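Asks: This structure is in structure tokens; I'll ask about it shortly.
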Amino acid sequence: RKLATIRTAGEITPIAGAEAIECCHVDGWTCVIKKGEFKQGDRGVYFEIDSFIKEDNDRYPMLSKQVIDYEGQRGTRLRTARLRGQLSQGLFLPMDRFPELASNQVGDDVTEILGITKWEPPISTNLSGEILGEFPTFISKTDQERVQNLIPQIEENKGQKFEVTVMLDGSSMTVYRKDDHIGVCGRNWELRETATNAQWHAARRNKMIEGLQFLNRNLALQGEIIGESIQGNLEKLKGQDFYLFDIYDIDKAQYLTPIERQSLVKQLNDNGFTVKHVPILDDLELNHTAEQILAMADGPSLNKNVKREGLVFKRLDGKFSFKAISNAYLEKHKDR
Ligand SMILES: Nc1ncnc2c1ncn2[C@@H]1O[C@H](COP(=O)(O)O)[C@@H](O)[C@H]1O
Ligand SMILES: [Mn+2]
């Protein structure tokens with residue numbers, strides 16, 4: 001959701017050597033615009049990277065040349081770009097190119113009204129199993145808002161403390177117990193156990209079904225399956241494996257705090273259910289701009305010889321979380 005939102009032109013700074021364009025700051029994003037398209041304070045529809053914008057030469061002539069066939073529809077995937085050393089992310093169009101939003105307000109999500117959908121990398125061949133049912137409605141999914149979209153929330157949380165973990169580039173995976181049922185899920189579906197299903201294999205490998213059966217509580221262990229043939233196997237692992245990053249308390253419909261999650265992992269491991277965790281870095285006391293957070297995102301991954309996709313920050317009360325994706329990672333890996 002909110003691929004296209006009405007946002008406010010922030011600081012507008014010139015681009016040396018290029019006089020037809022200039023650099024516009026939209027929340028935490030930097031977005032290249034045609035010169036004089038906006039002034040600071042102007043409103044416009046901002047389209048985030050990963051938006052897919054169906055072909056339309058009169059509304060989106062600036063995307064005419066990057067049109068591709070994507071799930072049977074012709075349009076443009078909005079990706080990170082660096083053109084003359086200037087980072088550029090997203091599309092920012094003045095409001096008067098959208099006469100049907102004339103009465104909308106700043107901050108409105110105009111995604112459906114504009115027909116924007118989301119581009120996604122092809123999901124891994126062996127992570128597409130047999131579906132057993134919907135993703136359980138009593139378990140939260142694992143979406144993380146971007147630090148770029150959280151400027152006022154980054155300031156209100158000044159002084160709060162955050163668990164910092166490495167963001168692993170795999171697939172979201174959930175293993176849960178609710179009363180007399182234990183299932184294994186992908187990002188969007190609960191799956192059937194088969195000999196080839198990867199999620200089920202990684203859950204049997206670390207005995208985490210037996211772990212939830214030992215703990216006797218309604219919990220969802222949420223983590224990332226990574227490894228061979230999963231999103232290009234950044235970490236160069238052999239085989240595939242699950243790395244926990246969250247535990248959802250189903251009965252209380254809230255996530256466990258980081259210390260609760262580490263205590264629960266401790267008791268699992270200690271009882272012979274060794275479930276690995278995404279790498280944990282130093283707790284961070286928040287006193288930063290989004291630019292500063294974004295600058296932290298680059299670094300070593302689980303495999304400390306590769307550059308990580310980014311970092312995830314989870315407040316110590318478990319009630320506020322976000323991710324910061326490394327823009328170097330986005331400029332190196334075009335399928336992200
Ligand atoms: N350390 C982490 N904490 C939270 N989520 C993570 C972590 N590492 C990887 N992820 C994945 O990153 C996703 C965040 O959104 P996305 O940018 O759509 O991949 C989550 O849904 C998880 O699948
Ligand atoms: Mn991901």
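In the structure tokens, chains take letters A, B, ... by order of appearance, with residues numbered from 1 within each chain and ligands from 1 in the order shown.
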Would you mind writing down, as a PyMOL selection string, each residue of stretch 96-319 of chain A that DSSP on the backbone assigns to strand (DSSP E)?

Replies: chain A and resi 117-118+131-134+161-167+171-178+181-185+189-191+219-227+240-249+254-255+284-285+310-315

Asks: Hey, can you spit out that residue selection with C-alpha atoms as a PDB file, in the first residue's frame?

Replies:
```
ATOM      1  CA  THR A 117       0.626  -1.698  -8.386  1.00  0.00           C
ATOM      2  CA  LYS A 118       3.811  -3.169  -6.912  1.00  0.00           C
ATOM      3  CA  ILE A 131      -0.987 -23.806  -0.554  1.00  0.00           C
ATOM      4  CA  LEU A 132      -2.862 -25.149   2.465  1.00  0.00           C
ATOM      5  CA  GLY A 133      -4.706 -21.906   3.185  1.00  0.00           C
ATOM      6  CA  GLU A 134      -4.569 -18.144   3.581  1.00  0.00           C
ATOM      7  CA  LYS A 161      16.433   2.402  22.135  1.00  0.00           C
ATOM      8  CA  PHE A 162      16.337  -0.034  19.190  1.00  0.00           C
ATOM      9  CA  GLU A 163      17.512  -3.552  18.498  1.00  0.00           C
ATOM     10  CA  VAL A 164      19.603  -3.360  15.309  1.00  0.00           C
ATOM     11  CA  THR A 165      19.724  -6.538  13.210  1.00  0.00           C
ATOM     12  CA  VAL A 166      21.085  -7.236   9.750  1.00  0.00           C
ATOM     13  CA  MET A 167      18.390  -7.413   7.071  1.00  0.00           C
ATOM     14  CA  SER A 171      12.015 -14.835   1.923  1.00  0.00           C
ATOM     15  CA  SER A 172       9.725 -14.180   4.860  1.00  0.00           C
ATOM     16  CA  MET A 173       8.833 -17.418   6.650  1.00  0.00           C
ATOM     17  CA  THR A 174       6.469 -18.070   9.576  1.00  0.00           C
ATOM     18  CA  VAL A 175       6.219 -21.199  11.750  1.00  0.00           C
ATOM     19  CA  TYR A 176       3.391 -21.019  14.240  1.00  0.00           C
ATOM     20  CA  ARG A 177       1.289 -22.925  16.739  1.00  0.00           C
ATOM     21  CA  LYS A 178      -2.348 -22.145  17.473  1.00  0.00           C
ATOM     22  CA  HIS A 181      -2.447 -26.929  14.895  1.00  0.00           C
ATOM     23  CA  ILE A 182       1.093 -26.100  13.828  1.00  0.00           C
ATOM     24  CA  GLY A 183       1.656 -24.761  10.334  1.00  0.00           C
ATOM     25  CA  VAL A 184       4.475 -23.333   8.205  1.00  0.00           C
ATOM     26  CA  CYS A 185       3.893 -20.250   6.080  1.00  0.00           C
ATOM     27  CA  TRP A 189       0.322 -18.364   2.344  1.00  0.00           C
ATOM     28  CA  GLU A 190       0.341 -21.311   4.724  1.00  0.00           C
ATOM     29  CA  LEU A 191       1.895 -24.263   2.907  1.00  0.00           C
ATOM     30  CA  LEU A 219       3.336 -18.220  18.966  1.00  0.00           C
ATOM     31  CA  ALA A 220       4.457 -17.452  15.435  1.00  0.00           C
ATOM     32  CA  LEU A 221       8.206 -17.687  14.886  1.00  0.00           C
ATOM     33  CA  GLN A 222       8.930 -15.194  12.116  1.00  0.00           C
ATOM     34  CA  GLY A 223      12.175 -15.106  10.205  1.00  0.00           C
ATOM     35  CA  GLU A 224      13.990 -15.175   6.894  1.00  0.00           C
ATOM     36  CA  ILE A 225      14.783 -18.317   4.940  1.00  0.00           C
ATOM     37  CA  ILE A 226      17.992 -17.676   2.938  1.00  0.00           C
ATOM     38  CA  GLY A 227      20.564 -19.740   1.100  1.00  0.00           C
ATOM     39  CA  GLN A 240      19.030 -23.116   2.990  1.00  0.00           C
ATOM     40  CA  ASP A 241      18.273 -22.043   6.528  1.00  0.00           C
ATOM     41  CA  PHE A 242      15.892 -19.997   8.671  1.00  0.00           C
ATOM     42  CA  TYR A 243      16.943 -16.947  10.696  1.00  0.00           C
ATOM     43  CA  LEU A 244      14.444 -15.644  13.234  1.00  0.00           C
ATOM     44  CA  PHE A 245      13.809 -11.909  13.544  1.00  0.00           C
ATOM     45  CA  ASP A 246      10.426 -11.743  15.361  1.00  0.00           C
ATOM     46  CA  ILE A 247       8.076 -13.823  17.522  1.00  0.00           C
ATOM     47  CA  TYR A 248       4.376 -12.932  17.436  1.00  0.00           C
ATOM     48  CA  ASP A 249       2.263 -13.585  20.542  1.00  0.00           C
ATOM     49  CA  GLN A 254       1.444  -8.283  19.838  1.00  0.00           C
ATOM     50  CA  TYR A 255       5.072  -8.967  19.047  1.00  0.00           C
ATOM     51  CA  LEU A 284      21.133   1.985  19.052  1.00  0.00           C
ATOM     52  CA  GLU A 285      19.958   5.007  21.024  1.00  0.00           C
ATOM     53  CA  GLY A 310      20.289  -3.123   4.974  1.00  0.00           C
ATOM     54  CA  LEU A 311      19.329  -2.908   8.643  1.00  0.00           C
ATOM     55  CA  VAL A 312      16.131  -3.364  10.630  1.00  0.00           C
ATOM     56  CA  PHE A 313      15.430  -1.344  13.769  1.00  0.00           C
ATOM     57  CA  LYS A 314      12.928  -2.660  16.342  1.00  0.00           C
ATOM     58  CA  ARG A 315      12.205  -0.491  19.396  1.00  0.00           C
TER      59      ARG A 315
END
```

Asks: Which residues are near stretch 48-59 of chain A? Cut-off 6 Å, only C-alpha atoms, ignore same chain within fewer than 2 positions. Put them as a list in words.

Replies: residues 3, 61, 74, 75, 76, 77, 78, 79, 90, 116, 117, 118 and 119 of chain A

Asks: Report the distance between atom 8 (N, counted along the ligand's line) of ligand 1 and atom CA of residue A:234 in Å, rounded to one decimal place.

Replies: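 Here the two named atoms are 12.6 Å from each other.
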
Asks: Report, in Å with one decimal, the straight-line distance from atom CA of residue A:84 to atom CA of residue A:16.

Replies: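 Between atom CA of residue A:84 and atom CA of residue A:16 the gap works out to 9.2 Å.
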
Asks: Between atom CA of residue A:20 and atom CA of residue A:95, what is the distance, to one decimal in Å?

Replies: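 It comes out at 20.6 Å.
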
Asks: Which chains and residue numbers are within 10 Å of ligand 2, counting only C-alpha atoms and all ligand atoms, if I want them as a PyMOL selection string?

Replies: chain A and resi 120-121+142-144+167-172+187+224+231+309-310+325+336

Asks: Quick one: residues within 10 Å of residue A:307, only C-alpha atoms, excluding same-chain residues fewer than 4 positions away - as a PDB file with N, CA, C and O atoms, in the first residue's frame?

Replies:
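Okay, part_34.pdb is ready:
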```
ATOM      1  N   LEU A 234      22.875 -14.186  -1.525  1.00  0.00           N
ATOM      2  CA  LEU A 234      23.857 -13.189  -1.113  1.00  0.00           C
ATOM      3  C   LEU A 234      24.886 -13.767  -0.143  1.00  0.00           C
ATOM      4  O   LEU A 234      26.093 -13.563  -0.314  1.00  0.00           O
ATOM      5  N   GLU A 235      24.434 -14.513   0.872  1.00  0.00           N
ATOM      6  CA  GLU A 235      25.378 -14.960   1.896  1.00  0.00           C
ATOM      7  C   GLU A 235      26.264 -16.116   1.443  1.00  0.00           C
ATOM      8  O   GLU A 235      27.130 -16.538   2.214  1.00  0.00           O
ATOM      9  N   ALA A 297      23.163   1.849   6.976  1.00  0.00           N
ATOM     10  CA  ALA A 297      22.629   0.611   6.416  1.00  0.00           C
ATOM     11  C   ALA A 297      23.712  -0.226   5.730  1.00  0.00           C
ATOM     12  O   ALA A 297      23.672  -1.459   5.784  1.00  0.00           O
ATOM     13  N   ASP A 298      24.693   0.409   5.091  1.00  0.00           N
ATOM     14  CA  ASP A 298      25.725  -0.355   4.405  1.00  0.00           C
ATOM     15  C   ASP A 298      26.662  -0.995   5.423  1.00  0.00           C
ATOM     16  O   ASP A 298      26.921  -0.440   6.493  1.00  0.00           O
ATOM     17  N   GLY A 299      27.171  -2.182   5.080  1.00  0.00           N
ATOM     18  CA  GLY A 299      28.076  -2.898   5.944  1.00  0.00           C
ATOM     19  C   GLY A 299      28.124  -4.386   5.668  1.00  0.00           C
ATOM     20  O   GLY A 299      27.576  -4.885   4.680  1.00  0.00           O
ATOM     21  N   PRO A 300      28.797  -5.123   6.546  1.00  0.00           N
ATOM     22  CA  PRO A 300      28.866  -6.577   6.392  1.00  0.00           C
ATOM     23  C   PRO A 300      27.528  -7.246   6.684  1.00  0.00           C
ATOM     24  O   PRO A 300      26.768  -6.827   7.556  1.00  0.00           O
ATOM     25  N   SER A 301      27.252  -8.318   5.961  1.00  0.00           N
ATOM     26  CA  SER A 301      26.048  -9.096   6.208  1.00  0.00           C
ATOM     27  C   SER A 301      26.354 -10.248   7.172  1.00  0.00           C
ATOM     28  O   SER A 301      27.386 -10.248   7.848  1.00  0.00           O
ATOM     29  N   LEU A 302      25.449 -11.230   7.256  1.00  0.00           N
ATOM     30  CA  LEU A 302      25.723 -12.453   8.006  1.00  0.00           C
ATOM     31  C   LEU A 302      27.062 -13.034   7.576  1.00  0.00           C
ATOM     32  O   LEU A 302      27.968 -13.235   8.388  1.00  0.00           O
ATOM     33  N   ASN A 303      27.202 -13.282   6.282  1.00  0.00           N
ATOM     34  CA  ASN A 303      28.508 -13.434   5.667  1.00  0.00           C
ATOM     35  C   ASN A 303      29.174 -12.069   5.687  1.00  0.00           C
ATOM     36  O   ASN A 303      28.785 -11.176   4.927  1.00  0.00           O
ATOM     37  N   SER A 326      20.208  -0.295   2.186  1.00  0.00           N
ATOM     38  CA  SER A 326      21.424   0.358   1.729  1.00  0.00           C
ATOM     39  C   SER A 326      21.322   0.697   0.250  1.00  0.00           C
ATOM     40  O   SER A 326      21.094  -0.188  -0.586  1.00  0.00           O
ATOM     41  N   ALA A 328      23.674   1.650  -1.748  1.00  0.00           N
ATOM     42  CA  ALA A 328      24.718   0.926  -2.468  1.00  0.00           C
ATOM     43  C   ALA A 328      24.245  -0.469  -2.876  1.00  0.00           C
ATOM     44  O   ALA A 328      24.582  -0.960  -3.959  1.00  0.00           O
ATOM     45  N   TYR A 329      23.482  -1.128  -2.009  1.00  0.00           N
ATOM     46  CA  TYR A 329      22.980  -2.455  -2.338  1.00  0.00           C
ATOM     47  C   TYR A 329      22.009  -2.387  -3.499  1.00  0.00           C
ATOM     48  O   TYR A 329      22.014  -3.267  -4.369  1.00  0.00           O
ATOM     49  N   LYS A 332      23.891  -1.845  -6.758  1.00  0.00           N
ATOM     50  CA  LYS A 332      24.640  -3.005  -7.228  1.00  0.00           C
ATOM     51  C   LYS A 332      23.733  -4.109  -7.773  1.00  0.00           C
ATOM     52  O   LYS A 332      24.096  -4.783  -8.739  1.00  0.00           O
TER      53      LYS A 332
END
```

Asks: Write out as a list in words all residues of stretch 10-126 of chain A that DSSP puts in alpha helix (DSSP H) for this structure's backbone.

Replies: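 Alpha helix (DSSP H) assignments inside stretch 10-126 of chain A correspond to residues 111, 112, 113 and 114 of chain A.
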
Asks: Applying 12 Å and only C-alpha atoms, which residues near residue A:26 remain after dropping the ones on its own chain fewer than 2 positions away? List them as a PDB file with C-alpha atoms, in the first residue's frame.

Replies:
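Contents of the output file out_20.pdb:
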```pdb
ATOM      1  CA  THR A   5       1.016   9.443  -1.825  1.00  0.00           C
ATOM      2  CA  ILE A   6       0.524  13.182  -1.878  1.00  0.00           C
ATOM      3  CA  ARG A   7       3.726  14.563  -0.353  1.00  0.00           C
ATOM      4  CA  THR A   8       5.397  17.946   0.008  1.00  0.00           C
ATOM      5  CA  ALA A   9       8.397  19.180  -1.944  1.00  0.00           C
ATOM      6  CA  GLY A  10      11.167  19.623   0.583  1.00  0.00           C
ATOM      7  CA  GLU A  11      14.480  21.322  -0.064  1.00  0.00           C
ATOM      8  CA  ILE A  12      15.241  21.839  -3.759  1.00  0.00           C
ATOM      9  CA  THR A  13      18.960  21.978  -4.578  1.00  0.00           C
ATOM     10  CA  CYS A  23      17.247  17.602  -6.978  1.00  0.00           C
ATOM     11  CA  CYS A  24      14.076  17.550  -4.852  1.00  0.00           C
ATOM     12  CA  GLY A  28      13.706  11.141   3.267  1.00  0.00           C
ATOM     13  CA  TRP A  29      13.949  10.584  -0.480  1.00  0.00           C
ATOM     14  CA  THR A  30      15.993  12.488  -3.022  1.00  0.00           C
ATOM     15  CA  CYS A  31      14.182  12.726  -6.330  1.00  0.00           C
ATOM     16  CA  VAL A  32      15.402  14.368  -9.539  1.00  0.00           C
ATOM     17  CA  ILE A  33      12.804  16.647 -11.179  1.00  0.00           C
ATOM     18  CA  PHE A  38       8.232  22.282  -8.139  1.00  0.00           C
ATOM     19  CA  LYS A  39       9.189  24.787  -5.505  1.00  0.00           C
ATOM     20  CA  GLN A  40       9.730  23.944  -1.841  1.00  0.00           C
ATOM     21  CA  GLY A  41       6.327  23.580  -0.242  1.00  0.00           C
ATOM     22  CA  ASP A  42       4.602  22.453  -3.446  1.00  0.00           C
ATOM     23  CA  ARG A  43       2.493  19.320  -3.192  1.00  0.00           C
ATOM     24  CA  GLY A  44       2.623  16.429  -5.608  1.00  0.00           C
ATOM     25  CA  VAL A  45       2.047  12.721  -6.007  1.00  0.00           C
ATOM     26  CA  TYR A  46       5.194  10.822  -5.030  1.00  0.00           C
ATOM     27  CA  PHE A  47       5.604   7.320  -6.463  1.00  0.00           C
ATOM     28  CA  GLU A  48       7.976   5.123  -4.486  1.00  0.00           C
ATOM     29  CA  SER A  88      17.453   9.539  -7.660  1.00  0.00           C
ATOM     30  CA  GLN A  89      14.553   7.444  -6.332  1.00  0.00           C
ATOM     31  CA  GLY A  90      10.878   7.665  -7.158  1.00  0.00           C
ATOM     32  CA  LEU A  91       8.736   9.863  -9.366  1.00  0.00           C
ATOM     33  CA  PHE A  92       7.313  13.183  -8.139  1.00  0.00           C
ATOM     34  CA  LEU A  93       4.603  14.816 -10.276  1.00  0.00           C
ATOM     35  CA  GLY A 107      -0.611  12.672   2.913  1.00  0.00           C
ATOM     36  CA  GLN A 148      12.620   7.409   4.379  1.00  0.00           C
ATOM     37  CA  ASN A 149       8.853   7.472   5.017  1.00  0.00           C
ATOM     38  CA  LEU A 150       9.190   8.085   8.764  1.00  0.00           C
ATOM     39  CA  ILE A 151      10.651  11.603   9.209  1.00  0.00           C
ATOM     40  CA  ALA A 290      16.930   9.530   8.197  1.00  0.00           C
TER      41      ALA A 290
END
```

Asks: Restricting the calculation to only C-alpha atoms and all ligand atoms: of A:278, A:286, A:21, A:83, which residue gets closest to ligand 1?

Replies: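 The closest residue to ligand 1 is A:278.
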
Asks: Using only C-alpha atoms and all ligand atoms, can you tell me which of A:251, A:19, A:288, A:276 comes closest to ligand 1?

Replies: A:276

Asks: Which residue, A:186, A:212, A:113, A:137, has the smallest gap to ligand 1 when you use only C-alpha atoms and all ligand atoms?

Replies: A:186
